[PDB]
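What's in start_2.csv: CSV, C-alpha atoms
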chain,number,residue,atom,x,y,z
A,1,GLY,CA,0.0,0.0,0.0
A,2,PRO,CA,1.0,3.7,0.3
A,3,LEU,CA,3.1,3.2,3.5
A,4,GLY,CA,5.0,0.2,2.1
A,5,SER,CA,6.0,2.2,-1.0
A,6,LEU,CA,7.0,5.2,1.1
A,7,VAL,CA,9.1,3.0,3.4
A,8,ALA,CA,10.9,1.2,0.5
A,9,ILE,CA,11.8,4.4,-1.3
A,10,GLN,CA,13.0,6.1,2.0
A,11,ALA,CA,15.3,3.0,2.6
A,12,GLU,CA,16.7,3.2,-1.0
A,13,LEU,CA,17.1,7.0,-0.6
A,14,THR,CA,19.1,6.8,2.7
A,15,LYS,CA,21.2,3.9,1.1
A,16,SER,CA,21.9,6.3,-1.9
A,17,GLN,CA,22.8,9.2,0.4
A,18,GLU,CA,25.3,6.8,2.0
A,19,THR,CA,27.0,6.0,-1.4
A,20,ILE,CA,27.1,9.8,-2.1
A,21,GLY,CA,28.9,10.1,1.3
A,22,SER,CA,31.5,7.4,0.5
A,23,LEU,CA,32.0,8.7,-3.1
A,24,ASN,CA,32.7,12.2,-1.8
A,25,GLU,CA,35.2,10.7,0.6
A,26,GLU,CA,37.0,9.0,-2.4
A,27,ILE,CA,37.0,12.4,-4.4
A,28,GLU,CA,38.6,14.2,-1.5
A,29,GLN,CA,41.3,11.5,-1.3
A,30,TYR,CA,41.8,11.6,-5.1
A,31,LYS,CA,42.1,15.5,-5.0
A,32,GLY,CA,44.8,15.1,-2.3
A,33,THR,CA,46.7,12.5,-4.4
A,34,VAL,CA,46.5,14.6,-7.6
A,35,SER,CA,47.8,17.7,-5.5
A,36,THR,CA,50.8,15.7,-4.1
A,37,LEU,CA,51.7,14.4,-7.6
A,38,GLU,CA,51.5,17.9,-9.1
A,39,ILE,CA,53.7,19.4,-6.3
A,40,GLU,CA,56.3,16.6,-7.0
A,41,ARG,CA,56.0,17.2,-10.8
A,42,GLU,CA,56.8,21.0,-10.4
A,43,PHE,CA,59.9,20.1,-8.3
A,44,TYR,CA,61.2,17.5,-10.8
A,45,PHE,CA,60.3,19.5,-13.9
A,46,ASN,CA,62.4,22.4,-12.4
A,47,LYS,CA,65.5,20.1,-11.8
A,48,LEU,CA,65.2,18.7,-15.4
A,49,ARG,CA,64.8,22.4,-16.6
A,50,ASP,CA,68.0,23.4,-14.7
A,51,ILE,CA,69.8,20.4,-16.5
A,52,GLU,CA,68.2,21.5,-19.9
A,53,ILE,CA,69.3,25.2,-19.4
A,54,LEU,CA,72.9,24.0,-18.4
A,55,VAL,CA,73.1,21.7,-21.5
A,56,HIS,CA,71.9,24.5,-23.9
A,57,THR,CA,73.9,27.3,-22.3
A,58,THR,CA,77.1,25.2,-22.4
A,59,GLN,CA,76.3,24.3,-26.1
A,60,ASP,CA,76.1,28.0,-26.9
A,61,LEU,CA,79.3,28.9,-24.8
A,62,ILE,CA,81.2,26.1,-26.6
A,63,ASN,CA,80.2,27.6,-30.0
A,64,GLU,CA,81.7,31.0,-30.1
A,65,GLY,CA,82.0,32.1,-26.5
A,66,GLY,CA,84.3,21.6,-27.1
A,67,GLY,CA,86.3,18.4,-27.3
A,68,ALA,CA,85.4,15.9,-24.5
A,69,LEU,CA,83.0,18.5,-23.0
A,70,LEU,CA,80.8,18.7,-26.2
A,71,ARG,CA,80.8,14.9,-26.4
A,72,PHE,CA,79.5,14.7,-22.8
A,73,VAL,CA,77.1,17.6,-23.3
A,74,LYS,CA,75.7,15.8,-26.4
A,75,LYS,CA,75.4,12.5,-24.4
A,76,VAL,CA,73.2,14.4,-21.7
A,77,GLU,CA,71.1,16.0,-24.5
A,78,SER,CA,70.4,12.6,-26.0
A,79,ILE,CA,69.3,11.2,-22.6
A,80,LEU,CA,66.9,14.3,-22.1
A,81,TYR,CA,65.3,13.9,-25.6
A,82,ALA,CA,65.2,10.0,-25.9
A,83,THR,CA,61.6,8.6,-26.4
A,84,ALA,CA,62.0,5.0,-25.0
B,1,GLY,CA,-1.4,13.2,0.7
B,2,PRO,CA,0.4,9.9,0.4
B,3,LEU,CA,0.8,10.1,-3.4
B,4,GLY,CA,2.3,13.6,-3.3
B,5,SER,CA,4.9,12.5,-0.7
B,6,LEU,CA,5.6,9.3,-2.7
B,7,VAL,CA,6.2,11.5,-5.9
B,8,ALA,CA,8.5,13.9,-3.9
B,9,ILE,CA,10.6,11.1,-2.4
B,10,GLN,CA,10.9,9.2,-5.7
B,11,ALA,CA,12.1,12.4,-7.4
B,12,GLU,CA,14.8,12.8,-4.6
B,13,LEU,CA,15.8,9.2,-5.1
B,14,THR,CA,16.2,9.4,-8.9
B,15,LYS,CA,18.1,12.7,-8.5
B,16,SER,CA,20.4,11.1,-6.0
B,17,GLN,CA,21.1,8.1,-8.4
B,18,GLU,CA,22.1,10.7,-11.0
B,19,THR,CA,24.6,12.3,-8.6
B,20,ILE,CA,26.1,8.9,-7.9
B,21,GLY,CA,26.4,8.5,-11.7
B,22,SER,CA,28.2,11.8,-12.1
B,23,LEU,CA,30.4,11.2,-9.0
B,24,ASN,CA,31.5,7.8,-10.6
B,25,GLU,CA,32.5,9.8,-13.8
B,26,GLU,CA,34.6,12.2,-11.7
B,27,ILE,CA,36.4,9.2,-10.0
B,28,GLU,CA,37.2,7.7,-13.4
B,29,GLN,CA,38.5,11.2,-14.5
B,30,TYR,CA,40.7,11.3,-11.2
B,31,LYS,CA,41.9,7.8,-11.8
B,32,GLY,CA,43.0,8.9,-15.3
B,33,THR,CA,44.7,12.0,-14.0
B,34,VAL,CA,46.7,10.0,-11.3
B,35,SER,CA,47.6,7.4,-14.0
B,36,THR,CA,49.0,10.1,-16.4
B,37,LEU,CA,51.0,11.8,-13.5
B,38,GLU,CA,52.5,8.3,-12.6
B,39,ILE,CA,53.4,7.5,-16.2
B,40,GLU,CA,55.2,10.9,-16.5
B,41,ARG,CA,57.0,10.2,-13.3
B,42,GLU,CA,58.4,6.8,-14.4
B,43,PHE,CA,59.6,8.4,-17.6
B,44,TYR,CA,61.3,11.4,-16.0
B,45,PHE,CA,62.7,9.2,-13.2
B,46,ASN,CA,64.3,6.9,-15.8
B,47,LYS,CA,66.0,9.9,-17.4
B,48,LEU,CA,67.4,11.1,-14.1
B,49,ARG,CA,68.7,7.5,-13.4
B,50,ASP,CA,70.4,7.5,-16.9
B,51,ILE,CA,72.0,10.9,-16.2
B,52,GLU,CA,73.2,9.7,-12.7
B,53,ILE,CA,74.9,6.6,-14.3
B,54,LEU,CA,76.5,8.8,-17.0
B,55,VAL,CA,77.8,11.3,-14.4
B,56,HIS,CA,79.3,8.7,-12.2
B,57,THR,CA,80.8,6.6,-15.1
B,58,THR,CA,82.6,9.7,-16.5
B,59,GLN,CA,83.7,10.8,-13.0
B,60,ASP,CA,85.4,7.3,-12.7
B,61,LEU,CA,87.3,7.9,-16.0
B,62,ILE,CA,88.4,11.5,-14.8
B,63,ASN,CA,89.4,10.2,-11.3
B,64,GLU,CA,91.2,7.0,-12.7
B,65,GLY,CA,93.3,9.1,-15.2
B,66,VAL,CA,92.0,7.7,-18.6
B,67,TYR,CA,92.4,10.9,-20.7
B,68,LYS,CA,96.0,11.0,-22.2
B,69,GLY,CA,89.3,20.8,-16.8
B,70,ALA,CA,86.0,22.3,-18.2
B,71,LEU,CA,84.5,18.7,-18.5
B,72,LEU,CA,84.9,18.0,-14.7
B,73,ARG,CA,83.4,21.4,-13.9
B,74,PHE,CA,80.3,20.5,-16.0
B,75,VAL,CA,80.2,16.9,-14.6
B,76,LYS,CA,80.2,18.4,-11.1
B,77,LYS,CA,77.5,21.0,-11.9
B,78,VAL,CA,75.2,18.1,-13.1
B,79,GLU,CA,76.1,16.0,-10.0
B,80,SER,CA,75.0,18.9,-7.7
B,81,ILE,CA,71.7,19.3,-9.6
B,82,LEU,CA,71.2,15.4,-9.2
B,83,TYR,CA,72.0,15.5,-5.5
B,84,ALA,CA,69.5,18.5,-4.9
B,85,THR,CA,66.8,16.4,-6.7
B,86,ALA,CA,67.5,13.4,-4.4
B,87,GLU,CA,67.4,15.8,-1.4
B,88,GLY,CA,63.8,16.9,-2.2
B,89,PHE,CA,62.4,13.3,-2.5
B,90,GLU,CA,61.0,13.7,1.1
B,91,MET,CA,59.8,17.4,0.9

Could the structure of this file be written out as structure tokens, please?
Amino acid sequence: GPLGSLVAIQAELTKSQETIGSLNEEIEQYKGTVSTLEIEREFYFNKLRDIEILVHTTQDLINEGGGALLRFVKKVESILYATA
Amino acid sequence: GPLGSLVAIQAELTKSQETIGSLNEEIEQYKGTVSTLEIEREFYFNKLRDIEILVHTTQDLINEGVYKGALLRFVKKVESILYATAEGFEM
């Protein structure tokens, strides 16, 4: 009857509001994991950038103003731009 | 009466089943963003590892005199950059 249908929907509704609660919990932990990975990424990208700047600057400095130095600089450059 | 309240709670229920649907899409999006960041990481870690090997190997040839200056200066600059990257693996 009316009461039975009201009770069944109310039960499924509170069960649904539970899932929403647990899915929001997951989203907050995923937001936290993306944030950590993005903080790490900015740090490592800066170190690789410092190596890239050094490689290109030395390549320019060798040009007008390298023997074994140029050979090493080119070996580093090939490591940076390799695709795997 | 009872029909009105049944209609209002059924509407709340189907609306909440739609939010679970959209929250599951967000989770799949977030799983995809964590996966991309972890794939980048493995690739850039591999390059750092290869630069470390190269830096130490050529330092061994400069130390154990196998060249008969500016090269050692450059090798040491790279090594300091690599050490600073190792130092920030906790921070």

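Taking all atoms listed in the file into account, chain A lies nearest to B:30 out of the set B:30, B:73, B:79, B:64.
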
Residues within 12 Å of residue A:43, please, as a list in words. Count only C-alpha atoms; anything in the same chain fewer than 3 positions from it doesn't count.
residues 36, 37, 38, 39, 40, 46, 47, 48, 49 and 50 of chain A; 41, 44, 81, 84, 85, 86, 87, 88, 89, 90 and 91 of chain B

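Going from atom CA of residue A:16 over to atom CA of residue B:33, you cover 26.4 Å.
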
Considering only C-alpha atoms, extract the chain B residues located within 7 Å of chain A and return them as a PDB file with C-alpha atoms, keeping the file's coordinate frame.
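Saved file out.pdb follows:
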ATOM      1  CA  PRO B   2       0.400   9.900   0.400  1.00  0.00           C
ATOM      2  CA  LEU B   6       5.600   9.300  -2.700  1.00  0.00           C
ATOM      3  CA  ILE B   9      10.600  11.100  -2.400  1.00  0.00           C
ATOM      4  CA  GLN B  10      10.900   9.200  -5.700  1.00  0.00           C
ATOM      5  CA  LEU B  13      15.800   9.200  -5.100  1.00  0.00           C
ATOM      6  CA  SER B  16      20.400  11.100  -6.000  1.00  0.00           C
ATOM      7  CA  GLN B  17      21.100   8.100  -8.400  1.00  0.00           C
ATOM      8  CA  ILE B  20      26.100   8.900  -7.900  1.00  0.00           C
ATOM      9  CA  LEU B  23      30.400  11.200  -9.000  1.00  0.00           C
ATOM     10  CA  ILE B  27      36.400   9.200 -10.000  1.00  0.00           C
ATOM     11  CA  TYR B  30      40.700  11.300 -11.200  1.00  0.00           C
ATOM     12  CA  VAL B  34      46.700  10.000 -11.300  1.00  0.00           C
ATOM     13  CA  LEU B  37      51.000  11.800 -13.500  1.00  0.00           C
ATOM     14  CA  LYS B  47      66.000   9.900 -17.400  1.00  0.00           C
ATOM     15  CA  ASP B  50      70.400   7.500 -16.900  1.00  0.00           C
ATOM     16  CA  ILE B  51      72.000  10.900 -16.200  1.00  0.00           C
ATOM     17  CA  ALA B  70      86.000  22.300 -18.200  1.00  0.00           C
ATOM     18  CA  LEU B  71      84.500  18.700 -18.500  1.00  0.00           C
ATOM     19  CA  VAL B  78      75.200  18.100 -13.100  1.00  0.00           C
ATOM     20  CA  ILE B  81      71.700  19.300  -9.600  1.00  0.00           C
ATOM     21  CA  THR B  85      66.800  16.400  -6.700  1.00  0.00           C
TER      22      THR B  85
END

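For the pair atom CA of residue B:18 and atom CA of residue B:1, the separation is 26.4 Å.
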
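With only C-alpha atoms as the basis for measurement, B:82 is the residue among B:35, B:82, B:29, B:3 that approaches residue B:53 most closely.
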
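Taking atom CA of residue B:62 as the reference point, atom CA of residue B:75 is found at 9.8 Å.
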
So, counting only C-alpha atoms, which residue among B:74, B:28, B:39, B:19 is closest to residue A:57?
B:74

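Of the listed residues (A:18, A:52, A:4, A:32), A:52 comes nearest to residue A:74; the distances count only C-alpha atoms.
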